[PDB]
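First up is the structure itself, then whatever we jot down about it.
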Amino acid sequence: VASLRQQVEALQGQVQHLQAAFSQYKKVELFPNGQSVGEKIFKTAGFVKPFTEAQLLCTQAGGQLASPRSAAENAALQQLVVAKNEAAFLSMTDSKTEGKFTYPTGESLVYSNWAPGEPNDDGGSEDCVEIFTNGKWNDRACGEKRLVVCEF
Amino acid sequence: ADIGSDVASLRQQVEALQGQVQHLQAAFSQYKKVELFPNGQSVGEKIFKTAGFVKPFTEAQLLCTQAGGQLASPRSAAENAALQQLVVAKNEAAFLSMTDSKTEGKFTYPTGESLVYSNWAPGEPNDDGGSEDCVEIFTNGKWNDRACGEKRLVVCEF
Amino acid sequence: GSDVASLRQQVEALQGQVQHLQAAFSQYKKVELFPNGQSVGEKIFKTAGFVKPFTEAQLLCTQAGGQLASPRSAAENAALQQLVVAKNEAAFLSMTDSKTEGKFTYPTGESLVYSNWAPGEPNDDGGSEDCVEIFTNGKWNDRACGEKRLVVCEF
Ligand SMILES: OC[C@H](O)[C@H]1O[C@H](O[C@H]2[C@H](O)[C@@H]([C@@H](O)CO)OC(O)[C@H]2O)[C@@H](O)[C@@H](O)[C@@H]1O
Ligand SMILES: OC[C@H](O)[C@H]1O[C@H](O[C@H]2[C@H](O)[C@@H]([C@@H](O)CO)O[C@H](O)[C@H]2O)[C@@H](O)[C@@H](O)[C@@H]1O
Ligand SMILES: OC[C@H](O)[C@H]1O[C@H](O)[C@@H](O)[C@@H](O)[C@@H]1O
Ligand SMILES: [Ca+2]
Ligand SMILES: [Ca+2]
Ligand SMILES: [Ca+2]
Ligand SMILES: [Ca+2]
Ligand SMILES: [Ca+2]
Ligand SMILES: [Ca+2]
Ligand SMILES: [Ca+2]
Ligand SMILES: [Ca+2]
Ligand SMILES: [Ca+2]
């Protein structure tokens, strides 16, 4: 029992160092292309791509396209869009049923920040969503190229 | 019921936990190297990281502060050399955190404390044009006071 | 008796913190790799995003604590190919035949244990191609070390 008690104390020291070092590296990592909000992390690839390609990049990376579910998350996302000065794609679309936007899971939206008059399915062909530098949303053609931002 | 068995069970758990920590330590060390390549430099307990682009002092300062750090503030020859590596790699002079905006001729850190280290280029600081309150570090590592409105490489320290 | 019990709850608590750290670390690891890195096995490839001549690229990787990309299998080669395709730029590998023409080796001097030469390669075209580049199609080509190619290191 003496040895065990001694080992445990040793582990505490190792863990304290890791937590401290990790805390520092998290800040370093997020600068300047990431944003942490709650338990979510948004990170931009810094370039533009059409929706399908953007979606694949995020999913293959173990995440998904930016999916702001609250005003706080939307503002965090807006910071990256503003930094790059490029509107970005969100993960949501109404490709399945026109007029009904859903997350990749199929769940209906729990938050939205549509610009006045949007979504309007302009030209009868806008199933994707973009977020502007002002944080507002607009449905847009999925074939258009927008800033790639994933969430993890 | 058997104290010996209870101790053995705890031993088993401690061994497993110890394994987890050893694995994490090795994985974290590798990740640190990956993170620092190619825009970061670690010196002592400080880490310098560049954003890869230029901005005027005010915007550069806000970027670093909002990221939870501050503009590069080399406090020794060792830290200066580390920062210089990034400046050289990007071939772009960078802003430091220090200014003499409060009292002309007296440079201080964001906290207000006076410099504990300096590496001024010959003849600097010279407050050229009577309007240079910020500081830039050249690819040769030397410092020069510069107009804060000018754009220089953004490098933060964490 | 009571000691083992107190040590128990102490271990239980510490394990909780480690697993929380493990969870946070796993998340930041994914974030780190997006979009300039690729993990394969215990190896991690990461591109600097810019091109450089061989010597300069090699120094960058070594000074960073790693080495130039050195795919030792089809799986590692495929992972590396992803970064090349994503950046749409051929990249230098670590291997060269600078010591003995026609014989490519890793920085340690060991002979290749895997290769993926494109048709007709290596051909030492021009009479001086001692470095190696990987194309977007994953195939290899010996290239003049003085040429500039995408910098990709492995850690
Ligand atoms: O007196 C003029 C000389 O030609 C002087 O010019 C250079 O020095 C510059 C100095 O580098 C800059 C910077 O300090 C601006 O941030 O300000 C100036 O304009 C001069 O003071 C250099 O050639 C000196 O050797 C020379 O003395
Ligand atoms: O076109 C009629 C009005 O001028 C209308 O124009 C703007 O609205 C446009 C939308 O922004 C746009 C967007 O939804 C595409 O993804 O589709 C359109 O072409 C218009 O609906 C704006 O000035 C409106 O205020 C105005 O009503
Ligand atoms: O580095 C030079 C290249 O190997 C080039 O050499 C020759 O010109 C041919 O074999 C080409 O098909 C090949 O692509
Ligand atoms: Ca539709
Ligand atoms: Ca639609
Ligand atoms: Ca619209
Ligand atoms: Ca002044
Ligand atoms: Ca001044
Ligand atoms: Ca000056
Ligand atoms: Ca040769
Ligand atoms: Ca050759
Ligand atoms: Ca060739």
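By order of appearance in the structure tokens: chains A, B, ..., then residues from 1 within every chain, and ligands from 1 in the order shown.
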
Kindly provide the residues of chain B that approach chain A to within 8 Å, each paired with its closest atom pair and their distance in Å to one decimal, based on only C-alpha atoms, listed by chain and increasing number, as a Markdown table.
| residue | atom | partner | partner_atom | distance |
| --- | --- | --- | --- | --- |
| B:7 | CA | A:1 | CA | 7.0 |
| B:11 | CA | A:4 | CA | 6.8 |
| B:14 | CA | A:8 | CA | 7.3 |
| B:18 | CA | A:11 | CA | 6.9 |
| B:21 | CA | A:15 | CA | 7.3 |
| B:25 | CA | A:18 | CA | 7.2 |
| B:32 | CA | A:25 | CA | 7.5 |
| B:35 | CA | A:29 | CA | 6.7 |
| B:47 | CA | A:28 | CA | 7.8 |
| B:49 | CA | A:28 | CA | 7.1 |
| B:51 | CA | A:32 | CA | 5.9 |
| B:67 | CA | A:31 | CA | 6.2 |
| B:68 | CA | A:27 | CA | 6.5 |
| B:69 | CA | A:27 | CA | 7.9 |
| B:158 | CA | A:28 | CA | 6.6 |

>> Residues contacting ligand 11 - anything with an atom at most 6 Å away, using only C-alpha atoms and all ligand atoms - can you give me those as a ChimeraX atom specification?
In response: /C:97,101-102,124,128-130

Compile a residue-level contact table for chain C against chain A at a cut-off of 12 Å, reporting for every qualifying residue the shortest atom pair and its distance in Å to one decimal, with only C-alpha atoms counted, rows ordered by chain and ascending number, as CSV.
residue,atom,partner,partner_atom,distance
C:1,CA,A:1,CA,10.1
C:2,CA,A:1,CA,11.4
C:3,CA,A:1,CA,8.3
C:4,CA,A:1,CA,7.1
C:5,CA,A:1,CA,10.9
C:6,CA,A:5,CA,9.9
C:7,CA,A:5,CA,6.7
C:8,CA,A:5,CA,9.7
C:9,CA,A:8,CA,11.3
C:10,CA,A:8,CA,8.2
C:11,CA,A:8,CA,7.0
C:12,CA,A:8,CA,10.7
C:13,CA,A:12,CA,10.5
C:14,CA,A:12,CA,7.3
C:15,CA,A:11,CA,9.9
C:16,CA,A:15,CA,11.4
C:17,CA,A:15,CA,8.4
C:18,CA,A:15,CA,7.2
C:19,CA,A:15,CA,10.9
C:20,CA,A:19,CA,10.2
C:21,CA,A:19,CA,7.2
C:22,CA,A:19,CA,10.2
C:23,CA,A:39,CA,11.0
C:24,CA,A:39,CA,9.1
C:25,CA,A:22,CA,7.8
C:26,CA,A:152,CA,10.3
C:27,CA,A:152,CA,6.8
C:28,CA,A:26,CA,7.2
C:29,CA,A:29,CA,9.8
C:30,CA,A:62,CA,6.7
C:31,CA,A:152,CA,6.8
C:32,CA,A:29,CA,6.8
C:33,CA,A:61,CA,7.6
C:34,CA,A:61,CA,6.3
C:35,CA,A:45,CA,5.9
C:36,CA,A:45,CA,8.6
C:37,CA,A:61,CA,9.6
C:38,CA,A:61,CA,9.0
C:39,CA,A:61,CA,10.2
C:49,CA,A:46,CA,11.7
C:82,CA,A:57,CA,10.9
C:83,CA,A:57,CA,11.7
C:86,CA,A:57,CA,9.6
C:87,CA,A:47,CA,10.8

> Mind checking DSSP for chain C and telling me the strand (DSSP E) residues as a PyMOL selection string?
Replying inline: chain C and resi 37-40+43-53+67-68+91-92+131-134+140-143+148-154

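For range 70-78 of chain A, the list of residues within 7 Å, based on only C-alpha atoms and with local chain neighbours fewer than 2 positions off taken out, reads residues 35, 37, 42, 68, 80, 81, 82, 111, 133 and 135 of chain A.
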
Please produce a file of the residues just selected, as an mmCIF file, in the first residue's frame, where the atoms kept are N, CA, C and O atoms.
data_model
loop_
_atom_site.group_PDB
_atom_site.id
_atom_site.type_symbol
_atom_site.label_atom_id
_atom_site.label_comp_id
_atom_site.auth_asym_id
_atom_site.auth_seq_id
_atom_site.Cartn_x
_atom_site.Cartn_y
_atom_site.Cartn_z
ATOM 1 N N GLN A 35 -11.678 29.122 -33.050
ATOM 2 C CA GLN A 35 -12.459 29.818 -32.038
ATOM 3 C C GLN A 35 -13.146 28.786 -31.162
ATOM 4 O O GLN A 35 -13.841 27.900 -31.658
ATOM 5 N N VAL A 37 -15.870 27.914 -28.184
ATOM 6 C CA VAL A 37 -17.086 28.446 -27.585
ATOM 7 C C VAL A 37 -17.780 27.265 -26.918
ATOM 8 O O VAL A 37 -18.238 26.338 -27.585
ATOM 9 N N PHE A 42 -14.524 25.907 -33.550
ATOM 10 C CA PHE A 42 -14.675 26.197 -34.969
ATOM 11 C C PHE A 42 -13.268 26.422 -35.502
ATOM 12 O O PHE A 42 -12.434 27.030 -34.829
ATOM 13 N N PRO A 68 -23.693 26.474 -36.053
ATOM 14 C CA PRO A 68 -24.039 27.302 -34.891
ATOM 15 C C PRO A 68 -25.447 27.018 -34.365
ATOM 16 O O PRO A 68 -26.430 27.140 -35.093
ATOM 17 N N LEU A 80 -14.359 34.309 -37.212
ATOM 18 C CA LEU A 80 -13.495 33.730 -38.230
ATOM 19 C C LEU A 80 -13.853 34.268 -39.611
ATOM 20 O O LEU A 80 -12.970 34.591 -40.411
ATOM 21 N N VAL A 81 -15.150 34.370 -39.887
ATOM 22 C CA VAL A 81 -15.618 34.885 -41.171
ATOM 23 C C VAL A 81 -15.106 36.316 -41.365
ATOM 24 O O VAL A 81 -14.663 36.688 -42.452
ATOM 25 N N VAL A 82 -15.173 37.107 -40.301
ATOM 26 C CA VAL A 82 -14.700 38.490 -40.344
ATOM 27 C C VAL A 82 -13.185 38.534 -40.535
ATOM 28 O O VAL A 82 -12.674 39.323 -41.329
ATOM 29 N N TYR A 111 -31.839 26.997 -33.841
ATOM 30 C CA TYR A 111 -31.408 28.396 -33.860
ATOM 31 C C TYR A 111 -31.208 28.827 -35.314
ATOM 32 O O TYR A 111 -30.843 28.013 -36.159
ATOM 33 N N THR A 133 -20.287 38.395 -43.066
ATOM 34 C CA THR A 133 -19.397 39.010 -42.085
ATOM 35 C C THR A 133 -20.202 39.707 -40.986
ATOM 36 O O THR A 133 -19.676 39.990 -39.907
ATOM 37 N N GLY A 135 -22.687 38.326 -39.544
ATOM 38 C CA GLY A 135 -23.292 37.259 -38.764
ATOM 39 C C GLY A 135 -24.647 36.754 -39.229
ATOM 40 O O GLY A 135 -25.142 35.751 -38.708
#

> Once you count only C-alpha atoms and all ligand atoms, which residues end up within 10 Å of ligand 9, and could you hand them over as a VMD selection string?
Replying inline: chain B and resid 120 to 136 143 to 147

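Applying a distance limit of 9 Å to only C-alpha atoms, the residues of chain B near chain C read residues 3, 6, 7, 10, 13, 14, 17, 20, 21, 24, 28, 30, 31, 33, 34, 35, 36, 37, 38 and 39 of chain B.
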
>> At a cut-off of 12 Å, using only C-alpha atoms, what residues contact residue 95 in chain C? Leave out same-chain residues fewer than 5 positions from it and give the result as a PyMOL selection string.
In response: chain C and resi 54-55+58+67-72+102-115+129-134+140-143+145

Prev. selection, C-alpha atoms, output as a PDB file, in the first residue's frame:
ATOM      1  CA  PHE C  54      15.491  20.228 -50.716  1.00  0.00           C
ATOM      2  CA  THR C  55      18.261  21.393 -48.388  1.00  0.00           C
ATOM      3  CA  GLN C  58      15.208  19.220 -44.855  1.00  0.00           C
ATOM      4  CA  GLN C  67      12.216  14.836 -40.799  1.00  0.00           C
ATOM      5  CA  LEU C  68      11.068  15.140 -44.406  1.00  0.00           C
ATOM      6  CA  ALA C  69       8.114  12.930 -45.376  1.00  0.00           C
ATOM      7  CA  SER C  70       9.335   9.336 -45.590  1.00  0.00           C
ATOM      8  CA  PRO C  71       6.460   7.024 -46.599  1.00  0.00           C
ATOM      9  CA  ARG C  72       7.461   3.452 -45.775  1.00  0.00           C
ATOM     10  CA  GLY C 102      20.960   4.991 -58.381  1.00  0.00           C
ATOM     11  CA  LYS C 103      20.717   3.990 -54.729  1.00  0.00           C
ATOM     12  CA  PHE C 104      18.133   5.918 -52.726  1.00  0.00           C
ATOM     13  CA  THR C 105      18.347   5.922 -48.944  1.00  0.00           C
ATOM     14  CA  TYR C 106      16.635   7.505 -45.953  1.00  0.00           C
ATOM     15  CA  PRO C 107      18.493  10.209 -43.979  1.00  0.00           C
ATOM     16  CA  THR C 108      19.921   7.417 -41.794  1.00  0.00           C
ATOM     17  CA  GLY C 109      21.559   5.700 -44.759  1.00  0.00           C
ATOM     18  CA  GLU C 110      19.206   2.708 -44.802  1.00  0.00           C
ATOM     19  CA  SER C 111      17.982   1.467 -48.198  1.00  0.00           C
ATOM     20  CA  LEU C 112      14.318   1.862 -49.176  1.00  0.00           C
ATOM     21  CA  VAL C 113      11.847  -0.669 -47.765  1.00  0.00           C
ATOM     22  CA  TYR C 114       9.064   0.742 -49.953  1.00  0.00           C
ATOM     23  CA  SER C 115       8.894   2.650 -53.243  1.00  0.00           C
ATOM     24  CA  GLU C 129      18.310  14.257 -60.037  1.00  0.00           C
ATOM     25  CA  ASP C 130      19.179  13.016 -56.556  1.00  0.00           C
ATOM     26  CA  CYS C 131      16.047  13.997 -54.661  1.00  0.00           C
ATOM     27  CA  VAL C 132      12.527  12.579 -54.734  1.00  0.00           C
ATOM     28  CA  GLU C 133       9.110  14.147 -55.193  1.00  0.00           C
ATOM     29  CA  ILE C 134       5.645  12.665 -54.810  1.00  0.00           C
ATOM     30  CA  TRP C 140       7.361   9.098 -57.212  1.00  0.00           C
ATOM     31  CA  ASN C 141       9.863  10.859 -59.448  1.00  0.00           C
ATOM     32  CA  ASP C 142      13.518  11.633 -58.815  1.00  0.00           C
ATOM     33  CA  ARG C 143      13.952  15.396 -59.022  1.00  0.00           C
ATOM     34  CA  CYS C 145      17.376  18.771 -55.308  1.00  0.00           C
TER      35      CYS C 145
END

> Which parts of range 18-120 of chain A does DSSP call alpha helix (DSSP H) when run on the backbone here, written out as a ChimeraX atom specification?
Replying inline: /A:18-30,51-60,71-84

With N, CA, C and O atoms retained, write the just-selected residues as a short mmCIF file (atom, residue, chain, number, x, y, z; two decimals), in the first residue's frame.
data_model
loop_
_atom_site.label_atom_id
_atom_site.label_comp_id
_atom_site.auth_asym_id
_atom_site.auth_seq_id
_atom_site.Cartn_x
_atom_site.Cartn_y
_atom_site.Cartn_z
N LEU A 18 0.89 18.15 -17.35
CA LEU A 18 0.16 17.97 -18.60
C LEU A 18 -0.96 18.99 -18.76
O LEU A 18 -1.09 19.62 -19.81
N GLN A 19 -1.78 19.15 -17.73
CA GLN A 19 -2.89 20.08 -17.78
C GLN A 19 -2.42 21.51 -18.03
O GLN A 19 -3.02 22.24 -18.82
N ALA A 20 -1.34 21.90 -17.36
CA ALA A 20 -0.79 23.24 -17.51
C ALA A 20 -0.26 23.45 -18.93
O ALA A 20 -0.57 24.44 -19.58
N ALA A 21 0.52 22.48 -19.41
CA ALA A 21 1.09 22.56 -20.75
C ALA A 21 -0.01 22.54 -21.80
O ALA A 21 0.04 23.30 -22.77
N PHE A 22 -1.00 21.68 -21.61
CA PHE A 22 -2.10 21.57 -22.56
C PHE A 22 -2.91 22.87 -22.60
O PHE A 22 -3.31 23.32 -23.67
N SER A 23 -3.13 23.47 -21.43
CA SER A 23 -3.89 24.71 -21.35
C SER A 23 -3.23 25.78 -22.23
O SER A 23 -3.91 26.56 -22.90
N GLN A 24 -1.91 25.81 -22.21
CA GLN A 24 -1.17 26.77 -23.01
C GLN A 24 -1.29 26.44 -24.49
O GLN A 24 -1.59 27.30 -25.31
N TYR A 25 -1.08 25.17 -24.84
CA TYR A 25 -1.15 24.79 -26.24
C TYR A 25 -2.51 24.98 -26.89
O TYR A 25 -2.58 25.18 -28.11
N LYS A 26 -3.59 24.93 -26.11
CA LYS A 26 -4.92 25.13 -26.67
C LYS A 26 -5.03 26.54 -27.24
O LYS A 26 -5.54 26.75 -28.35
N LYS A 27 -4.53 27.51 -26.48
CA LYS A 27 -4.56 28.91 -26.91
C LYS A 27 -3.70 29.10 -28.15
O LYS A 27 -4.09 29.79 -29.10
N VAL A 28 -2.52 28.48 -28.14
CA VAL A 28 -1.59 28.56 -29.26
C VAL A 28 -2.22 27.98 -30.53
O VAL A 28 -2.12 28.56 -31.61
N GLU A 29 -2.85 26.82 -30.38
CA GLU A 29 -3.50 26.14 -31.50
C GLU A 29 -4.60 26.94 -32.18
O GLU A 29 -4.67 26.99 -33.40
N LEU A 30 -5.45 27.57 -31.38
CA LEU A 30 -6.57 28.33 -31.90
C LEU A 30 -6.18 29.63 -32.60
O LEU A 30 -6.96 30.18 -33.38
N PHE A 51 -20.03 23.57 -51.47
CA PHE A 51 -20.57 22.83 -50.32
C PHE A 51 -20.16 21.36 -50.19
O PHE A 51 -19.67 20.94 -49.15
N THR A 52 -20.40 20.58 -51.23
CA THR A 52 -20.06 19.16 -51.18
C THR A 52 -18.60 18.92 -50.81
O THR A 52 -18.30 18.06 -49.98
N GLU A 53 -17.69 19.69 -51.40
CA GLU A 53 -16.27 19.53 -51.10
C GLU A 53 -15.95 19.97 -49.67
O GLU A 53 -15.17 19.33 -48.98
N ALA A 54 -16.56 21.08 -49.24
CA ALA A 54 -16.36 21.60 -47.90
C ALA A 54 -16.85 20.58 -46.87
O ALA A 54 -16.18 20.32 -45.87
N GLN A 55 -18.02 20.02 -47.13
CA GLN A 55 -18.61 19.04 -46.24
C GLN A 55 -17.70 17.82 -46.11
O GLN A 55 -17.51 17.29 -45.01
N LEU A 56 -17.14 17.37 -47.23
CA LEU A 56 -16.26 16.20 -47.22
C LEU A 56 -14.98 16.48 -46.43
O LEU A 56 -14.52 15.63 -45.67
N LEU A 57 -14.41 17.66 -46.62
CA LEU A 57 -13.20 18.04 -45.90
C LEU A 57 -13.42 17.93 -44.39
O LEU A 57 -12.59 17.36 -43.67
N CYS A 58 -14.54 18.47 -43.92
CA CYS A 58 -14.84 18.44 -42.49
C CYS A 58 -15.10 17.04 -41.97
O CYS A 58 -14.56 16.65 -40.94
N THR A 59 -15.93 16.28 -42.68
CA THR A 59 -16.25 14.92 -42.24
C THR A 59 -15.03 14.01 -42.24
O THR A 59 -14.86 13.20 -41.33
N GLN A 60 -14.17 14.12 -43.25
CA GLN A 60 -12.98 13.28 -43.29
C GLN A 60 -12.01 13.68 -42.18
O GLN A 60 -11.18 12.88 -41.75
N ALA A 71 -26.76 31.96 -30.31
CA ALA A 71 -26.22 33.27 -30.67
C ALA A 71 -24.73 33.31 -30.35
O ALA A 71 -23.95 33.89 -31.11
N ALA A 72 -24.34 32.71 -29.24
CA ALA A 72 -22.94 32.68 -28.83
C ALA A 72 -22.08 31.94 -29.85
O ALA A 72 -21.00 32.41 -30.23
N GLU A 73 -22.54 30.77 -30.29
CA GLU A 73 -21.78 30.00 -31.27
C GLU A 73 -21.72 30.76 -32.59
O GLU A 73 -20.68 30.77 -33.26
N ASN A 74 -22.82 31.40 -32.97
CA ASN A 74 -22.87 32.15 -34.22
C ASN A 74 -21.88 33.31 -34.21
O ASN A 74 -21.24 33.60 -35.22
N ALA A 75 -21.74 33.96 -33.05
CA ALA A 75 -20.82 35.09 -32.92
C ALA A 75 -19.37 34.60 -32.98
O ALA A 75 -18.50 35.28 -33.52
N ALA A 76 -19.12 33.43 -32.42
CA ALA A 76 -17.78 32.86 -32.43
C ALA A 76 -17.41 32.57 -33.88
O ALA A 76 -16.30 32.85 -34.32
N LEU A 77 -18.36 31.99 -34.61
CA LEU A 77 -18.16 31.67 -36.01
C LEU A 77 -17.94 32.95 -36.82
O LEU A 77 -17.07 33.01 -37.68
N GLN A 78 -18.74 33.96 -36.53
CA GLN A 78 -18.62 35.23 -37.24
C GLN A 78 -17.21 35.81 -37.11
O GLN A 78 -16.72 36.45 -38.04
N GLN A 79 -16.55 35.58 -35.98
CA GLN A 79 -15.19 36.09 -35.79
C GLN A 79 -14.24 35.59 -36.86
O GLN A 79 -13.40 36.34 -37.36
N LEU A 80 -14.36 34.31 -37.21
CA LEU A 80 -13.50 33.73 -38.23
C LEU A 80 -13.85 34.27 -39.61
O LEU A 80 -12.97 34.59 -40.41
N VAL A 81 -15.15 34.37 -39.89
CA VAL A 81 -15.62 34.89 -41.17
C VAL A 81 -15.11 36.32 -41.37
O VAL A 81 -14.66 36.69 -42.45
N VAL A 82 -15.17 37.11 -40.30
CA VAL A 82 -14.70 38.49 -40.34
C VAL A 82 -13.19 38.53 -40.53
O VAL A 82 -12.67 39.32 -41.33
N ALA A 83 -12.47 37.68 -39.81
CA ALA A 83 -11.01 37.64 -39.91
C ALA A 83 -10.55 37.35 -41.34
O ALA A 83 -9.61 37.96 -41.84
N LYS A 84 -11.22 36.41 -41.99
CA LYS A 84 -10.88 36.03 -43.36
C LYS A 84 -11.60 36.91 -44.38
O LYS A 84 -11.26 36.90 -45.57
#
